[PDB]
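Asker: What follows is work-v3.cif, mmCIF, C-alpha atoms and all ligand atoms.
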data_query
loop_
_atom_site.group_PDB
_atom_site.id
_atom_site.type_symbol
_atom_site.label_atom_id
_atom_site.label_comp_id
_atom_site.auth_asym_id
_atom_site.auth_seq_id
_atom_site.Cartn_x
_atom_site.Cartn_y
_atom_site.Cartn_z
ATOM 1 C CA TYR A 1 0.000 0.000 0.000
ATOM 2 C CA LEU A 2 1.093 3.587 -0.787
ATOM 3 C CA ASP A 3 1.422 6.671 1.424
ATOM 4 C CA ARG A 4 -1.088 9.432 0.574
ATOM 5 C CA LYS A 5 1.434 11.949 1.872
ATOM 6 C CA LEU A 6 3.900 10.895 -0.842
ATOM 7 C CA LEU A 7 1.316 11.269 -3.696
ATOM 8 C CA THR A 8 0.488 14.592 -5.470
ATOM 9 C CA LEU A 9 -2.290 14.928 -8.086
ATOM 10 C CA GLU A 10 -2.937 17.471 -10.827
ATOM 11 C CA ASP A 11 -6.432 18.994 -10.887
ATOM 12 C CA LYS A 12 -6.765 18.622 -14.665
ATOM 13 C CA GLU A 13 -8.399 15.263 -15.593
ATOM 14 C CA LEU A 14 -6.651 12.823 -17.898
ATOM 15 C CA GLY A 15 -14.515 6.686 -13.000
ATOM 16 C CA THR A 16 -11.840 9.389 -13.312
ATOM 17 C CA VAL A 17 -8.170 9.353 -14.325
ATOM 18 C CA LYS A 18 -5.547 11.800 -13.054
ATOM 19 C CA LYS A 19 -1.836 12.499 -13.634
ATOM 20 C CA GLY A 20 0.263 12.700 -10.506
ATOM 21 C CA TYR A 21 3.623 12.378 -8.815
ATOM 22 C CA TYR A 22 4.812 9.898 -6.199
ATOM 23 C CA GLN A 23 8.005 10.474 -4.107
ATOM 24 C CA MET A 24 10.018 7.253 -4.456
ATOM 25 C CA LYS A 25 13.197 6.929 -2.366
ATOM 26 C CA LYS A 26 14.774 10.183 -3.734
ATOM 27 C CA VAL A 27 13.414 10.735 -7.228
ATOM 28 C CA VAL A 28 9.851 11.847 -7.908
ATOM 29 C CA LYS A 29 8.000 9.582 -10.354
ATOM 30 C CA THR A 30 5.323 10.729 -12.804
ATOM 31 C CA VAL A 31 2.299 8.463 -12.369
ATOM 32 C CA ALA A 32 -1.194 7.966 -13.867
ATOM 33 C CA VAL A 33 -3.979 7.246 -11.408
ATOM 34 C CA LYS A 34 -7.419 5.588 -11.604
ATOM 35 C CA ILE A 35 -9.569 7.085 -8.844
ATOM 36 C CA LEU A 36 -12.828 5.397 -7.712
ATOM 37 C CA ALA A 37 -18.504 -3.322 -8.550
ATOM 38 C CA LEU A 38 -16.031 -1.145 -10.437
ATOM 39 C CA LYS A 39 -13.771 -1.837 -7.429
ATOM 40 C CA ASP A 40 -13.467 -5.621 -7.904
ATOM 41 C CA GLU A 41 -12.273 -4.972 -11.437
ATOM 42 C CA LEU A 42 -9.640 -2.557 -10.247
ATOM 43 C CA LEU A 43 -8.654 -5.064 -7.506
ATOM 44 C CA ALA A 44 -8.301 -7.848 -10.101
ATOM 45 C CA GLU A 45 -6.054 -5.602 -12.180
ATOM 46 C CA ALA A 46 -3.922 -4.698 -9.142
ATOM 47 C CA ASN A 47 -3.637 -8.385 -8.174
ATOM 48 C CA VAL A 48 -2.406 -9.350 -11.647
ATOM 49 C CA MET A 49 -0.010 -6.414 -12.270
ATOM 50 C CA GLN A 50 1.665 -6.923 -8.910
ATOM 51 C CA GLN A 51 2.851 -10.310 -10.244
ATOM 52 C CA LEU A 52 4.120 -8.815 -13.561
ATOM 53 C CA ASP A 53 7.538 -7.372 -14.350
ATOM 54 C CA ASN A 54 8.401 -6.685 -17.999
ATOM 55 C CA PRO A 55 9.720 -3.658 -19.904
ATOM 56 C CA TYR A 56 6.664 -3.863 -22.275
ATOM 57 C CA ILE A 57 3.871 -3.975 -19.669
ATOM 58 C CA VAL A 58 2.865 -0.878 -17.633
ATOM 59 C CA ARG A 59 4.301 -1.079 -14.110
ATOM 60 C CA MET A 60 2.106 -0.815 -11.041
ATOM 61 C CA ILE A 61 3.490 1.453 -8.293
ATOM 62 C CA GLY A 62 0.781 0.483 -5.797
ATOM 63 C CA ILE A 63 -2.598 1.110 -4.156
ATOM 64 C CA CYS A 64 -3.389 4.250 -2.179
ATOM 65 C CA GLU A 65 -6.334 4.146 0.234
ATOM 66 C CA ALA A 66 -7.125 7.765 1.164
ATOM 67 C CA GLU A 67 -10.021 10.212 0.570
ATOM 68 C CA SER A 68 -10.587 8.051 -2.486
ATOM 69 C CA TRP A 69 -9.531 4.588 -3.688
ATOM 70 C CA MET A 70 -6.554 4.890 -6.102
ATOM 71 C CA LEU A 71 -4.598 2.566 -8.425
ATOM 72 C CA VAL A 72 -1.224 4.171 -9.202
ATOM 73 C CA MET A 73 0.839 3.198 -12.276
ATOM 74 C CA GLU A 74 4.030 4.595 -13.830
ATOM 75 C CA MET A 75 2.986 7.147 -16.489
ATOM 76 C CA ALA A 76 3.116 6.239 -20.203
ATOM 77 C CA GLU A 77 3.154 9.883 -21.263
ATOM 78 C CA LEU A 78 1.868 9.685 -24.842
ATOM 79 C CA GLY A 79 -1.217 7.590 -24.119
ATOM 80 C CA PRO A 80 -3.194 5.026 -26.099
ATOM 81 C CA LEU A 81 -1.710 3.810 -29.347
ATOM 82 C CA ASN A 82 -5.006 4.036 -31.313
ATOM 83 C CA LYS A 83 -5.422 7.749 -30.420
ATOM 84 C CA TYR A 84 -1.731 8.595 -30.984
ATOM 85 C CA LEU A 85 -1.711 7.078 -34.536
ATOM 86 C CA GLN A 86 -5.029 8.777 -35.371
ATOM 87 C CA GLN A 87 -3.410 12.139 -34.706
ATOM 88 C CA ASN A 88 -0.003 11.151 -36.251
ATOM 89 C CA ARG A 89 -0.411 9.577 -39.691
ATOM 90 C CA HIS A 90 3.210 10.447 -40.563
ATOM 91 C CA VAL A 91 4.435 7.564 -38.396
ATOM 92 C CA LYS A 92 6.442 5.271 -40.707
ATOM 93 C CA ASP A 93 5.640 1.609 -41.272
ATOM 94 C CA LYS A 94 9.004 0.607 -39.731
ATOM 95 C CA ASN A 95 8.071 2.546 -36.543
ATOM 96 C CA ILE A 96 4.715 0.729 -36.367
ATOM 97 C CA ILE A 97 6.493 -2.626 -36.828
ATOM 98 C CA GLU A 98 8.792 -1.593 -33.950
ATOM 99 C CA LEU A 99 5.854 -0.821 -31.620
ATOM 100 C CA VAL A 100 3.911 -3.996 -32.502
ATOM 101 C CA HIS A 101 7.089 -6.114 -31.999
ATOM 102 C CA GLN A 102 7.400 -4.630 -28.512
ATOM 103 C CA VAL A 103 3.792 -5.564 -27.745
ATOM 104 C CA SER A 104 4.536 -9.155 -28.891
ATOM 105 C CA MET A 105 7.627 -9.335 -26.662
ATOM 106 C CA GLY A 106 5.344 -8.223 -23.811
ATOM 107 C CA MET A 107 2.722 -10.865 -24.696
ATOM 108 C CA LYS A 108 5.425 -13.539 -25.030
ATOM 109 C CA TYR A 109 6.370 -12.884 -21.400
ATOM 110 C CA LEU A 110 2.648 -12.983 -20.310
ATOM 111 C CA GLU A 111 2.211 -16.262 -22.139
ATOM 112 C CA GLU A 112 5.316 -17.589 -20.401
ATOM 113 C CA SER A 113 3.930 -16.273 -17.098
ATOM 114 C CA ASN A 114 0.657 -18.112 -17.923
ATOM 115 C CA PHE A 115 -1.592 -15.035 -17.814
ATOM 116 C CA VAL A 116 -4.284 -14.259 -20.398
ATOM 117 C CA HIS A 117 -4.944 -10.535 -21.145
ATOM 118 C CA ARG A 118 -8.431 -10.951 -22.656
ATOM 119 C CA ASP A 119 -8.606 -7.302 -23.899
ATOM 120 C CA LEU A 120 -5.537 -6.878 -26.173
ATOM 121 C CA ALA A 121 -6.497 -3.947 -28.402
ATOM 122 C CA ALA A 122 -4.694 -0.781 -29.697
ATOM 123 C CA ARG A 123 -6.560 1.262 -27.029
ATOM 124 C CA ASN A 124 -4.729 -0.879 -24.382
ATOM 125 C CA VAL A 125 -1.263 -0.199 -25.633
ATOM 126 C CA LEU A 126 0.128 2.978 -24.145
ATOM 127 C CA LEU A 127 3.141 4.861 -25.556
ATOM 128 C CA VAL A 128 6.052 5.950 -23.360
ATOM 129 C CA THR A 129 7.666 7.521 -26.401
ATOM 130 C CA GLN A 130 6.987 7.253 -30.145
ATOM 131 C CA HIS A 131 9.363 4.236 -30.080
ATOM 132 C CA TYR A 132 8.352 2.561 -26.829
ATOM 133 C CA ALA A 133 5.030 0.774 -26.199
ATOM 134 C CA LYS A 134 3.605 -0.903 -23.092
ATOM 135 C CA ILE A 135 0.574 -3.213 -22.721
ATOM 136 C CA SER A 136 -1.971 -1.837 -20.241
ATOM 137 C CA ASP A 137 -5.491 -2.419 -18.859
ATOM 138 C CA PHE A 138 -5.413 -5.852 -17.152
ATOM 139 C CA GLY A 139 -9.003 -5.603 -15.803
ATOM 140 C CA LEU A 140 -10.134 -8.749 -17.702
ATOM 141 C CA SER A 141 -6.818 -10.613 -17.339
ATOM 142 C CA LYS A 142 -6.602 -13.999 -15.605
ATOM 143 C CA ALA A 143 -3.837 -16.006 -14.082
ATOM 144 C CA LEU A 144 -4.253 -19.516 -15.517
ATOM 145 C CA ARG A 145 -4.358 -22.453 -13.118
ATOM 146 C CA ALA A 146 -1.313 -24.723 -13.056
ATOM 147 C CA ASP A 147 -3.392 -27.615 -14.586
ATOM 148 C CA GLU A 148 -5.136 -25.729 -17.413
ATOM 149 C CA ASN A 149 -4.299 -24.129 -20.738
ATOM 150 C CA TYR A 150 -7.333 -21.846 -20.845
ATOM 151 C CA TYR A 151 -9.697 -19.690 -18.822
ATOM 152 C CA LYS A 152 -13.416 -20.572 -19.035
ATOM 153 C CA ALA A 153 -15.501 -17.364 -19.136
ATOM 154 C CA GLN A 154 -18.518 -17.621 -16.912
ATOM 155 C CA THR A 155 -20.136 -14.332 -15.813
ATOM 156 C CA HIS A 156 -21.285 -12.002 -18.625
ATOM 157 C CA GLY A 157 -19.322 -8.726 -18.518
ATOM 158 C CA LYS A 158 -17.423 -6.531 -21.004
ATOM 159 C CA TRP A 159 -17.165 -8.501 -24.283
ATOM 160 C CA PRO A 160 -15.072 -6.786 -26.961
ATOM 161 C CA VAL A 161 -16.112 -9.360 -29.623
ATOM 162 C CA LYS A 162 -14.242 -7.683 -32.537
ATOM 163 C CA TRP A 163 -10.992 -8.706 -30.812
ATOM 164 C CA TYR A 164 -12.202 -12.217 -29.817
ATOM 165 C CA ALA A 165 -11.174 -15.504 -31.384
ATOM 166 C CA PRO A 166 -13.905 -17.987 -32.430
ATOM 167 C CA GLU A 167 -13.241 -20.387 -29.543
ATOM 168 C CA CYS A 168 -13.891 -17.431 -27.152
ATOM 169 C CA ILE A 169 -17.207 -16.550 -28.821
ATOM 170 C CA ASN A 170 -18.260 -20.206 -29.376
ATOM 171 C CA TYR A 171 -16.865 -22.001 -26.282
ATOM 172 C CA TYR A 172 -15.980 -19.186 -23.846
ATOM 173 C CA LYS A 173 -12.369 -20.377 -23.851
ATOM 174 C CA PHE A 174 -9.628 -17.847 -23.395
ATOM 175 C CA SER A 175 -5.972 -18.854 -23.801
ATOM 176 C CA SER A 176 -2.702 -17.256 -24.887
ATOM 177 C CA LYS A 177 -3.691 -18.358 -28.461
ATOM 178 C CA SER A 178 -6.885 -16.229 -28.128
ATOM 179 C CA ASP A 179 -4.665 -13.303 -27.156
ATOM 180 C CA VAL A 180 -2.775 -14.030 -30.443
ATOM 181 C CA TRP A 181 -5.997 -13.558 -32.407
ATOM 182 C CA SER A 182 -6.511 -10.208 -30.632
ATOM 183 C CA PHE A 183 -2.900 -9.224 -31.340
ATOM 184 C CA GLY A 184 -3.696 -9.697 -35.000
ATOM 185 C CA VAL A 185 -6.592 -7.241 -34.724
ATOM 186 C CA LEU A 186 -4.223 -4.913 -32.840
ATOM 187 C CA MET A 187 -1.749 -5.038 -35.708
ATOM 188 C CA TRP A 188 -4.527 -4.275 -38.170
ATOM 189 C CA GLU A 189 -5.509 -1.284 -36.001
ATOM 190 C CA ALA A 190 -1.972 0.015 -35.837
ATOM 191 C CA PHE A 191 -1.308 -0.322 -39.560
ATOM 192 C CA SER A 192 -4.703 1.460 -40.084
ATOM 193 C CA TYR A 193 -3.581 4.353 -37.842
ATOM 194 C CA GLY A 194 -6.032 3.580 -35.051
ATOM 195 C CA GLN A 195 -9.158 3.029 -37.090
ATOM 196 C CA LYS A 196 -11.709 0.728 -35.506
ATOM 197 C CA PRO A 197 -11.767 -2.859 -36.913
ATOM 198 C CA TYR A 198 -14.865 -4.228 -38.738
ATOM 199 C CA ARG A 199 -16.421 -0.765 -38.993
ATOM 200 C CA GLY A 200 -20.207 -0.615 -39.422
ATOM 201 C CA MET A 201 -20.628 -4.212 -38.320
ATOM 202 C CA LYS A 202 -22.448 -5.751 -35.367
ATOM 203 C CA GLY A 203 -20.623 -8.376 -33.286
ATOM 204 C CA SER A 204 -22.845 -11.183 -34.652
ATOM 205 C CA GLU A 205 -22.057 -9.926 -38.163
ATOM 206 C CA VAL A 206 -18.338 -10.071 -37.461
ATOM 207 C CA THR A 207 -18.734 -13.672 -36.222
ATOM 208 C CA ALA A 208 -20.655 -14.710 -39.321
ATOM 209 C CA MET A 209 -18.001 -13.026 -41.512
ATOM 210 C CA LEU A 210 -15.143 -14.919 -39.796
ATOM 211 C CA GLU A 211 -16.897 -18.288 -40.029
ATOM 212 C CA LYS A 212 -17.192 -17.849 -43.820
ATOM 213 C CA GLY A 213 -13.353 -17.521 -43.855
ATOM 214 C CA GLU A 214 -13.464 -13.778 -44.580
ATOM 215 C CA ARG A 215 -10.950 -11.435 -43.020
ATOM 216 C CA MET A 216 -10.309 -7.746 -42.967
ATOM 217 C CA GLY A 217 -8.223 -6.501 -45.887
ATOM 218 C CA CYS A 218 -4.673 -5.120 -45.941
ATOM 219 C CA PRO A 219 -4.496 -1.545 -44.649
ATOM 220 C CA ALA A 220 -3.157 0.987 -47.150
ATOM 221 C CA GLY A 221 0.617 1.007 -47.097
ATOM 222 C CA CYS A 222 0.867 -2.072 -44.815
ATOM 223 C CA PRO A 223 3.792 -4.243 -45.972
ATOM 224 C CA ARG A 224 2.493 -7.636 -47.127
ATOM 225 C CA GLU A 225 4.629 -9.625 -44.663
ATOM 226 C CA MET A 226 2.844 -7.856 -41.791
ATOM 227 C CA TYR A 227 -0.539 -8.491 -43.344
ATOM 228 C CA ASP A 228 0.425 -12.144 -43.836
ATOM 229 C CA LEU A 229 1.245 -12.217 -40.106
ATOM 230 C CA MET A 230 -2.188 -10.770 -39.224
ATOM 231 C CA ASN A 231 -3.838 -13.570 -41.202
ATOM 232 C CA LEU A 232 -1.713 -16.198 -39.399
ATOM 233 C CA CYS A 233 -2.874 -14.833 -36.028
ATOM 234 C CA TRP A 234 -6.403 -15.056 -37.365
ATOM 235 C CA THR A 235 -6.049 -18.809 -37.870
ATOM 236 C CA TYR A 236 -9.543 -20.173 -37.150
ATOM 237 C CA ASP A 237 -8.563 -23.428 -35.518
ATOM 238 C CA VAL A 238 -6.794 -22.499 -32.273
ATOM 239 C CA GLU A 239 -4.843 -25.777 -32.476
ATOM 240 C CA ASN A 240 -3.061 -24.537 -35.606
ATOM 241 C CA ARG A 241 -2.793 -20.843 -34.549
ATOM 242 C CA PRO A 242 0.693 -19.720 -33.474
ATOM 243 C CA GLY A 243 1.692 -18.775 -29.912
ATOM 244 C CA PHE A 244 3.509 -15.622 -28.958
ATOM 245 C CA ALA A 245 7.007 -17.106 -29.343
ATOM 246 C CA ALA A 246 6.378 -17.883 -33.035
ATOM 247 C CA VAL A 247 4.627 -14.496 -33.498
ATOM 248 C CA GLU A 248 7.385 -12.565 -31.706
ATOM 249 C CA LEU A 249 10.141 -14.298 -33.716
ATOM 250 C CA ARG A 250 8.528 -13.428 -37.066
ATOM 251 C CA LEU A 251 8.198 -9.751 -36.124
ATOM 252 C CA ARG A 252 11.811 -9.756 -34.912
ATOM 253 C CA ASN A 253 13.153 -11.361 -38.076
ATOM 254 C CA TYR A 254 11.201 -8.995 -40.314
ATOM 255 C CA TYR A 255 11.941 -5.886 -38.317
ATOM 256 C CA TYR A 256 15.680 -6.576 -38.180
ATOM 257 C CA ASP A 257 15.658 -7.533 -41.855
HETATM 258 O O1 LIG A 301 -6.477 8.323 -19.660
HETATM 259 S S1 LIG A 301 -5.904 8.486 -20.958
HETATM 260 O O2 LIG A 301 -6.295 7.535 -21.959
HETATM 261 N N1 LIG A 301 -6.118 10.046 -21.464
HETATM 262 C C1 LIG A 301 -4.940 10.573 -22.160
HETATM 263 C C2 LIG A 301 -3.778 9.780 -21.565
HETATM 264 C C3 LIG A 301 -2.422 10.059 -21.611
HETATM 265 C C4 LIG A 301 -1.523 9.184 -20.998
HETATM 266 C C5 LIG A 301 -1.952 8.029 -20.326
HETATM 267 N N2 LIG A 301 -0.997 7.209 -19.746
HETATM 268 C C6 LIG A 301 -1.187 6.225 -18.801
HETATM 269 N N3 LIG A 301 -0.060 5.613 -18.446
HETATM 270 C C7 LIG A 301 -0.161 4.641 -17.535
HETATM 271 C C8 LIG A 301 -1.355 4.262 -16.976
HETATM 272 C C9 LIG A 301 -2.491 4.940 -17.398
HETATM 273 N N4 LIG A 301 -3.747 4.656 -16.837
HETATM 274 C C10 LIG A 301 -4.959 5.369 -17.238
HETATM 275 C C11 LIG A 301 -5.574 4.635 -18.443
HETATM 276 C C12 LIG A 301 -7.044 4.958 -18.657
HETATM 277 O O3 LIG A 301 -7.777 3.755 -18.492
HETATM 278 C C13 LIG A 301 -3.934 3.591 -15.875
HETATM 279 C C14 LIG A 301 -4.109 3.841 -14.506
HETATM 280 C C15 LIG A 301 -4.291 2.783 -13.598
HETATM 281 C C16 LIG A 301 -4.276 1.458 -14.042
HETATM 282 C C17 LIG A 301 -4.094 1.232 -15.385
HETATM 283 N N5 LIG A 301 -4.020 0.074 -16.103
HETATM 284 N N6 LIG A 301 -3.825 0.292 -17.432
HETATM 285 C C18 LIG A 301 -3.753 1.602 -17.569
HETATM 286 C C19 LIG A 301 -3.917 2.253 -16.307
HETATM 287 N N7 LIG A 301 -2.391 5.910 -18.321
HETATM 288 C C20 LIG A 301 -3.327 7.776 -20.281
HETATM 289 C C21 LIG A 301 -4.183 8.655 -20.906
#
Using structure tokens, write down the structure from this file.

Answerer:
Amino acid sequence: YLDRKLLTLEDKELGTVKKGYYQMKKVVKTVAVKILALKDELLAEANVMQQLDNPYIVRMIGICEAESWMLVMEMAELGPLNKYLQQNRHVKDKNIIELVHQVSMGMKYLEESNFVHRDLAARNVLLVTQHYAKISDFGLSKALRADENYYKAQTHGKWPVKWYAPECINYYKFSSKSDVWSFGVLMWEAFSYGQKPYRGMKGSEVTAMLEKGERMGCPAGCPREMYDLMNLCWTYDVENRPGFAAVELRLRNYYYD
């Protein structure tokens, strides 16, 4: 738990979200703060992110119980990737490849830590700099049990279907391979400069489209290798869909080529 005394908030708003500062041992650290049901979701996120430690996942500083309930993270100054790219269409393809490779290195670690994100989308990638991305928003994330490969969704809550693999929609099964499907949608978003996927379509319409074997097209100016990778992530049969080690490798090879 954090010390309220050591936390300072801006008035300006970023429930509610605020930018702040927390006095660490000697340096002052810029932080982003969620300020409060909606509480169990924030507790689940705190519980997960306290077990995570990776350069490509947003770091939790801690929980402050004061006048309000607060979840304090290190600040990723530039904000969500979808919004950033929407306002910065000059960003080169090679820079996008760089950012999406970083996300895949982050997801490779999660996979290895046996956690499922369950909400991997461009809106949940935050930028530290134009060349440094972190995965955020672990509200729906689940620590897999030692004896299982997947999480079985029970209660009906947030359901971002446009990022969900068929086995999630059809069998309520979430695994690292389902996160791979979502990563594919995230790539598509990033190479489309933060445009929403399957625009104009209902969730049930997206599902019907995918079952016919149809996929979203190649965004303008997306190199074909990256589009080929999106299609691989969108492999229907989860058995034959790649995991984050295979996905990360292919981005690494391409990027460094
Ligand atoms: O709230 S914003 O989308 N409005 C513009 C802007 C600019 C920078 C950040 N950066 C940032 N950097 C780290 C964490 C964090 N947030 C707020 C995200 C809004 O949901 C968080 C606070 C607490 C827990 C969190 N988990 N994931 C993000 C996050 N936000 C966030 C935003």

Asker: Could you pull out the residues sitting within 8 Å of ligand LIG 301 (chain A), using only C-alpha atoms and all ligand atoms, and write them as a PyMOL selection string?

Answerer: chain A and resi 14+17-18+31-34+42+45-46+58+60+71-80+124+126-128+135-139

Asker: Using only C-alpha atoms - which residues lie no farther than 12 Å from the point (1.3, 4.4, -38.1) in the file's frame? Write them as a PDB file with C-alpha atoms, keeping the file's coordinate frame.

Answerer:
ATOM      1  CA  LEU A  81      -1.710   3.810 -29.347  1.00  0.00           C
ATOM      2  CA  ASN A  82      -5.006   4.036 -31.313  1.00  0.00           C
ATOM      3  CA  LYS A  83      -5.422   7.749 -30.420  1.00  0.00           C
ATOM      4  CA  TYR A  84      -1.731   8.595 -30.984  1.00  0.00           C
ATOM      5  CA  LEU A  85      -1.711   7.078 -34.536  1.00  0.00           C
ATOM      6  CA  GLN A  86      -5.029   8.777 -35.371  1.00  0.00           C
ATOM      7  CA  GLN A  87      -3.410  12.139 -34.706  1.00  0.00           C
ATOM      8  CA  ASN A  88      -0.003  11.151 -36.251  1.00  0.00           C
ATOM      9  CA  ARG A  89      -0.411   9.577 -39.691  1.00  0.00           C
ATOM     10  CA  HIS A  90       3.210  10.447 -40.563  1.00  0.00           C
ATOM     11  CA  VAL A  91       4.435   7.564 -38.396  1.00  0.00           C
ATOM     12  CA  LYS A  92       6.442   5.271 -40.707  1.00  0.00           C
ATOM     13  CA  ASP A  93       5.640   1.609 -41.272  1.00  0.00           C
ATOM     14  CA  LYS A  94       9.004   0.607 -39.731  1.00  0.00           C
ATOM     15  CA  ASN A  95       8.071   2.546 -36.543  1.00  0.00           C
ATOM     16  CA  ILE A  96       4.715   0.729 -36.367  1.00  0.00           C
ATOM     17  CA  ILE A  97       6.493  -2.626 -36.828  1.00  0.00           C
ATOM     18  CA  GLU A  98       8.792  -1.593 -33.950  1.00  0.00           C
ATOM     19  CA  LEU A  99       5.854  -0.821 -31.620  1.00  0.00           C
ATOM     20  CA  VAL A 100       3.911  -3.996 -32.502  1.00  0.00           C
ATOM     21  CA  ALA A 122      -4.694  -0.781 -29.697  1.00  0.00           C
ATOM     22  CA  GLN A 130       6.987   7.253 -30.145  1.00  0.00           C
ATOM     23  CA  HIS A 131       9.363   4.236 -30.080  1.00  0.00           C
ATOM     24  CA  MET A 187      -1.749  -5.038 -35.708  1.00  0.00           C
ATOM     25  CA  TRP A 188      -4.527  -4.275 -38.170  1.00  0.00           C
ATOM     26  CA  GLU A 189      -5.509  -1.284 -36.001  1.00  0.00           C
ATOM     27  CA  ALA A 190      -1.972   0.015 -35.837  1.00  0.00           C
ATOM     28  CA  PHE A 191      -1.308  -0.322 -39.560  1.00  0.00           C
ATOM     29  CA  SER A 192      -4.703   1.460 -40.084  1.00  0.00           C
ATOM     30  CA  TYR A 193      -3.581   4.353 -37.842  1.00  0.00           C
ATOM     31  CA  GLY A 194      -6.032   3.580 -35.051  1.00  0.00           C
ATOM     32  CA  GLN A 195      -9.158   3.029 -37.090  1.00  0.00           C
ATOM     33  CA  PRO A 219      -4.496  -1.545 -44.649  1.00  0.00           C
ATOM     34  CA  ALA A 220      -3.157   0.987 -47.150  1.00  0.00           C
ATOM     35  CA  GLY A 221       0.617   1.007 -47.097  1.00  0.00           C
ATOM     36  CA  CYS A 222       0.867  -2.072 -44.815  1.00  0.00           C
ATOM     37  CA  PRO A 223       3.792  -4.243 -45.972  1.00  0.00           C
TER      38      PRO A 223
END

Asker: Enter the distance from CA of residue 234 in chain A to CA of residue 183 in chain A, in Å, rounded to one decimal.

Answerer: 9.1 Å

Asker: Find the distance between CA of residue 4 in chain A and CA of residue 20 in chain A and write it in Å to one decimal.

Answerer: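 Taking CA of residue 4 in chain A and CA of residue 20 in chain A, their separation equals 11.6 Å.
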
Asker: Using 6 Å of padding on each side, determine the axis-aligned box around all atoms of range 36-53 of chain A present in the file and give its centre and edge lengths in Å to one decimal, as AutoDock Vina command-line options.

Answerer:
--center_x -5.5 --center_y -2.5 --center_z -10.9 --size_x 38.0 --size_y 27.7 --size_z 18.9

Asker: So that I can check the surroundings of residue 203 in chain A, please list as a ChimeraX atom specification every protein, DNA and RNA residue that reaches within 7 Å of it, counting all atoms listed in the file and ignoring chain neighbours fewer than 4 positions away.

Answerer: /A:161-162,207

Asker: Quick check on the file I pasted: which residues fall under the PyMOL selection byres (((chain A and resi 237-245) around 10) and not hetatm)? Write them as JSON, numbers by chain.

Answerer: {"A": [104, 105, 106, 107, 108, 109, 110, 111, 112, 165, 166, 167, 175, 176, 177, 178, 179, 180, 181, 183, 231, 232, 233, 234, 235, 236, 246, 247, 248, 249, 250]}

Asker: CA of residue 38 in chain A and CA of residue 172 in chain A, how far apart in Å?

Answerer: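 A separation of 22.5 Å between them.
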
Asker: Convert the output of the PyMOL selection byres (((chain A and resi 1) around 7) and not hetatm) on the shown file into explicit residues, formatted as a compact mmCIF listing (two decimals) with C-alpha atoms, in the coordinates of the input.

Answerer:
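Final file, selection_4.txt:
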# COMPACT_ATOMS: atom_id res chain seq x y z
CA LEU A 2 1.09 3.59 -0.79
CA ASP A 3 1.42 6.67 1.42
CA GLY A 62 0.78 0.48 -5.80
CA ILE A 63 -2.60 1.11 -4.16
CA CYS A 64 -3.39 4.25 -2.18

Asker: Please evaluate the PyMOL selection byres (((chain A and resi 51) around 10) and not hetatm) against the displayed coordinates and give the resulting residues as JSON, numbers by chain.

Answerer: {"A": [46, 47, 48, 49, 50, 52, 53, 60, 113, 115, 143]}

Asker: Hey, which of A:37, A:66, A:208, A:201 ends up closest to residue 7 in chain A? Count all atoms listed in the file.

Answerer: A:66

Asker: Counting all atoms listed in the file, which residue out of A:68, A:204, A:102, A:141 sits closest to residue 39 in chain A?

Answerer: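 Of A:68, A:204, A:102, A:141, the one nearest residue 39 in chain A is A:68, counting all atoms listed in the file.
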
Asker: Take the point (8.3, -0.5, -26.1) in the file's coordinates, draw a sphere of radius 6 Å around it, and report as number ranges by chain every protein, DNA or RNA residue with an atom inside or on it, counting all atoms listed in the file.

Answerer: A: 56, 102, 132-134
